[PDB]
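A look at the structure
One letter stands for each residue in the lines below.
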Amino acid sequence: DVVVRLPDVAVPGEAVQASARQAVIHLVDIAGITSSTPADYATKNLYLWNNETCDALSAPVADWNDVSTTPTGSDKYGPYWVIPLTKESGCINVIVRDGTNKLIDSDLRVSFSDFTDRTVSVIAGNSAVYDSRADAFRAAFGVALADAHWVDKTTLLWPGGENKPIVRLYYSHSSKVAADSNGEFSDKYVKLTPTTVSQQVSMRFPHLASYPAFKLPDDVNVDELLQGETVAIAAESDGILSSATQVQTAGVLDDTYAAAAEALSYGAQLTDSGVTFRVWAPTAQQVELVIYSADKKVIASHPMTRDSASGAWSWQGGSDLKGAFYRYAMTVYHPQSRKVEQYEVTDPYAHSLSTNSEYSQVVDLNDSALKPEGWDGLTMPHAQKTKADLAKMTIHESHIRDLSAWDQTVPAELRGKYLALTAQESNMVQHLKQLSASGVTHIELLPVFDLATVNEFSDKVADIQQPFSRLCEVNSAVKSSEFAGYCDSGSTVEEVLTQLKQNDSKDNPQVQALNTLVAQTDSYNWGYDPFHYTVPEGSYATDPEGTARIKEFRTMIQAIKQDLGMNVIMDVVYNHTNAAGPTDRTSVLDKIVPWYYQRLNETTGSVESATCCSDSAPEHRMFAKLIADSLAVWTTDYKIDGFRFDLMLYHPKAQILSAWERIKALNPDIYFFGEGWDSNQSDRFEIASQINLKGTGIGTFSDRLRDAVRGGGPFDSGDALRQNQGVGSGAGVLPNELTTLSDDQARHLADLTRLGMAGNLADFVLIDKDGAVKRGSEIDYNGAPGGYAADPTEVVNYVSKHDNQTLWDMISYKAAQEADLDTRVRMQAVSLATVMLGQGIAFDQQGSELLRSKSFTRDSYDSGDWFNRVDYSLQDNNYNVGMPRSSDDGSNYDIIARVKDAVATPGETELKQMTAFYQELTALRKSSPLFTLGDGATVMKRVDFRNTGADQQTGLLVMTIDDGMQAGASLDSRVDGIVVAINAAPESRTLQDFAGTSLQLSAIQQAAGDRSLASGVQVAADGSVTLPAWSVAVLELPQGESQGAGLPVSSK
Ligand SMILES: [Mg+2]
Ligand SMILES: [Mg+2]
Ligand SMILES: [Mg+2]
Ligand SMILES: [Mg+2]
Ligand SMILES: [Mg+2]
């Protein structure tokens, strides 16, 4: 065996040592050192400049394009620069370049307190600064990056090993792999030989299938390598090092342990006979179960028992540990720090927690003490069994603080809490009860699992209803800000924000200036920040310490289902964790099995952040299991009726479907859906996208009718926000002063809208804007097939959601200056009509029925009670309460200032009219099964459109739904057919399509009189129907003695 060693060159001394008013920077050049050959470093140069952070440089060259700051000299080890300074304290900014290309991505900051001799060394592609070339040399010819992948028991994939005579896997249990003082790599190793990637590996890891493959001896003690650091090293045949890198091990962890580990159950499993704790930690060197008293004193520390087949650790004790607080004391190598870390971590399978999630807690969720009276018999108020059942789903996407934080008729101590839903006499609950009575069927809850980003210790939090003095007490940023003079005022924070409104504008956005500071220490966050996946959030409980929150959560679920009569959907956020690495307070999973539960860059091993935060890896078997097990608890123990997967596109199709198969065994009628856009993970696995989920019964949000009715798309900012009008805001037919939308473009949006009203099916046949016969898949959506679904239950239509601007704020952005306030209210209703009267599942943001505004805030996740306010006393819609946060919306300030004051802010009259409009629409959808056929083939047999093609009246949507003899059986004994007419236009429109029929305006709309969306509709003798501007009419063929002719779909 040849010894792997450093280059036969000697470890370098310093080329020059900085003198007075100088710094020296060495570049250790690996290429030039390995090459025998002399190097002309004339293309190497420094870009140097002073800023407020670093300012010690003397007369640095200003121009970026100036490459003439070439090396002062060079030797075999590389170039070096002698840099003139003005002082020897502080730090300098340095960008090391070749030509004008950065050799180090990090913009370096050489600190003269970190390195007091001001003589430093760096290596191309390495962000670290070294005190000597000797240190840099050992690093340049040491371990770098992490681009080797130990993907199964006997397979290593690694580009660094290609063509090299010696490829080895070096390992060290308690230290880092590194060369000794003789420059020899003296740790233990496994020898690897070249091989071809297997079919199994290429199937599992298609994004790695082009990597050079190397084979381990099929008898290696894998457990012994996996307990510490492993490093892949390649060398030349004389043993001289080629490269060394860290090893990503999730693959071999799954191949070695996953099946054995999948067969076990995890967490603190409490049951009569005792308790069994189990945690998966297949790389850990030691795991102890630490038991804590209620006052958080250690009362025991138990070495756990490792199971060799699975890599799980278990500990079995008596039932006296019920209610005990506990953590897992880990001894485990973390590849990010390259240290055998020592720390206590809460249970990833925690089912109860202490305040702020510091300790997990042993709980039996089956305990009757943790349930409201009657909980076990709680039934789902709305059926979800058939597709017809599912299609009735009409969702109200809500947030615990958005519901009750402002409602003075909710008891003060329940505002912002789960139990606010029990305050039957409150404005908010009475409003939801009427929404349910009129046909809202589901409450969807924004994150109510354990989020990280609200402090659950009440003393560390200040909300805007509390004294400004409390805010100063808990928030040193406020106390050091321009607002510090309010500290000893006697005003509440809300009182201050209110007085800041009058002088707030784009040139003085002081409301959001204060609110941005308030956001850091208030109770408010959407919560897409997972701390523990299977514990209720603590801050929404009146008592966040211990099991209390569990009963309060269930009391809320029971109130929504039993007393409000609505099903419950939970937002889940398995696509990322709040943090990873060995340090962060909220890194749980990545402390316990480092580098396994996060998705990592193939070259560097950095946790990726395509999401907001620390991307998870649901393609890994034990995280797929964690997800399914978590969903099982929410389903069984919390009686959740459905789940919305945040960013579902970062999950494999196979994993979401496996989860659904598992949960259907517990609740056969559970419904899964999520945001299924096309993602960038398709090189790693088939993603759970709109296209790939076709026919599976997993729903996805549709961006098709959304964009067509709202106008524009999620990538818009600046003038596009106003120019890109939608069907709901008058594309083509009521242009604003900025837009250039053509009539052809407006009719394309109507084609997408009709398609979406028919369920956005791939095979639905319609007549497009040009008179052409088109299947839904042939209607273009920004280059993609527009119709993608098999059944309308696979499509969730919407025109407003918690993310991006509210519908009202978009109408305010887009509406023509001459559209008055009453017209804009009808625009809101007409936009919602395309959703509520369509065949796809209907989804909507809490408060659209109240013209909800966020004061133009686009992304309000941390914009507090102020911008997310919903006023259930109906005094206004929260419009014009200050400029939104400048960091994200500042580039919109110009367009906001131009549009904001076009009309008055809605008041009680407009909000009451909007709620009437809204409940009219939901009542119509609820009233007949024809609106909610469920099955795509049935939609194709029954649903058609009029006013199509080249001669259409723009903006007039006319849909027919057949219940007559040609469709099959009568699904609705009262009618033979329905017509949905949405006149999204400022003209009256007359229809002759139904001349000679016995069409009648629906009784529901007639009863509303001049408060109806159909106010002023005329159904003449001859059967012609006229609709006023900005109106919606549902008309029907009354059913007689037998099923009649109906409205048969036209042959196309
Ligand atoms: Mg030095
Ligand atoms: Mg929390
Ligand atoms: Mg906040
Ligand atoms: Mg990638
Ligand atoms: Mg009928």
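Residues numbered from 1 in each chain as written, not as in the entry; some residues may be left out. Chains lettered and ligands numbered in written order. Heavy atoms only, no water.

On to the coordination of the magnesium ion (ligand 1), then. In this structure, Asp117 (OD), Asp117 (OD), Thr119 (O), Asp131 (O) and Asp131 (OD) serve as the protein donors to the magnesium ion (ligand 1), at separations of 2.3 to 2.7 Å. Since its relative accessible area comes to 0%, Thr119 is described here as buried. (Donors = N, O, S within 2.8 Å, 3.2 Å for Na, K, Ca; no water. Buried < 20%, exposed > 50% of the residue type's maximum accessible area, 1.4 Å probe, protein only.)

Take the domain arrangement of the protein chain next. Domain annotation for the protein chain reports domain 1 (1-134), domain 2 (135-244), domain 3 (245-363), domain 4 (364-943) and domain 5 (944-1052). The distance between the C-alpha centroids of domain 1 and domain 3 comes to 46 Å. (Domains from an automatic or database assignment.)

Of all hydrophobic cores here, the largest spans 203 residues; its most connected members are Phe277 and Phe672. Per-element accounting of this core gives the leading share, 9 residues, to helix α21 (residues 821-836). For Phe672, the contacting residues outside a window of four places in its chain are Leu631, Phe643, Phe645, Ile656, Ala659, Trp660, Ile663, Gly697, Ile698 and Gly699. (Core = buried A, V, L, I, M, F, W, Y, C linked by side-chain atoms within 4.5 Å. Helix = DSSP H or I, 4+ residues; strand = E, 2+ residues; numbered from the N terminus. Contact = heavy atoms within 4.5 Å.)

What follows is about the state of the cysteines. Following the criterion strictly, the structure yields 3 disulfides and no others. A disulfide bridge connects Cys54 with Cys91, and the sulfur atoms are separated by 2.3 Å. Linking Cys54 and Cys91, the disulfide has an S-S dihedral of approximately -95° and is accordingly described as left-handed. Remark: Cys91 occurs in strand β5 (residues 91-98) and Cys54 occurs in the loop between β2 (44-49) and β3 (73-75); sequence separation between them is 37 residues. Summarising the burial analysis for this pair, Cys54 and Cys91 share the class buried. The disulfide that involves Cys612 links it to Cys613, with 2.0 Å between the sulfurs. Measuring handedness by torsion sign, the sulfur bridge of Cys612 and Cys613 sits at about -105° and is left-handed. Numbered in order of appearance, the disulfide-bonded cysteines of the protein chain are paired 1-2, 3-4, 5-6. (Disulfide = S-S within 2.5 Å.)

Here we come to the sheet that holds strand β15 (residues 241-248). Pairing within the closed barrel is mixed, and its 7 strands lie in the order β9-β10-β13-β12-β11-β14-β15. Across the sheet, the axes of successive neighbouring strands diverge by a mean angle of 35°, strand direction being ignored. Summarising the sheet, strand β9 (residues 148-152) and β15 pair through 2 bridges and their orientation is parallel. By the bridge assignment, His149 is partnered in β15 with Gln248. (Pairing = 2+ DSSP bridges. Axes fitted to C-alpha atoms, helices over the stretch in contact; angles between N-to-C directions.)

Our focus in this paragraph is the sheet that holds strand β1 (residues 22-28). Here we have 4 strands laid out as an open sheet, ordered β3-β4-β1-β8, and mixed in their pairing. Two strands lie at the open edges of the sheet, namely β3 and β8 (119-123), each paired on one side alone. Going across the sheet, the axis of each strand differs from the next one's by a mean of 25°, ignoring polarity. As paired elements, β1 and strand β4 (residues 78-84) share 5 bridges and run antiparallel to each other. Bridge pairing links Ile25 to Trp81 in β4.

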